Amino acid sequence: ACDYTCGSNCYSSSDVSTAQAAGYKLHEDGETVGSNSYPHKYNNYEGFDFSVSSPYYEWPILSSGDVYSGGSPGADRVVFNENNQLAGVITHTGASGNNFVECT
């Protein structure tokens, strides 16, 4: 079973934990990877009920389970805050333009 499912992608809590740890360390190092510079700030304009406070940052989580290192970031993302607290898992899948929907 999947702890989070984004579209057709299934993630376990260990997949989320692994991806967040890598995104958080680049954020502490003031480093980014990929053409779209991840991790980068996330603005909650869609109003997702996250129980952890802002600011928020997004980093790609890959269906392969590999940690993102550059190349195509896919559609899904882990969102974490300044305190390295997980806020949610969201995706561009099934959302228009560059809007997001939450993974379930």
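All residue numbers refer to positions in the sequence shown, first residue = 1.
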Comparing 80-88 with 16-24, which stretch shows the greater average C-alpha B-factor in the deposited entry? 80-88
Looking at the entry, does 5-13 or 91-99 show the higher mean C-alpha B-factor? 91-99
Say you rank 69, 63, 72, 32 by Cα B-factor from the PDB entry; which sits at the top? 69
Third of the chain, ranked by Cα B-factor, where residue 45 sits: highest
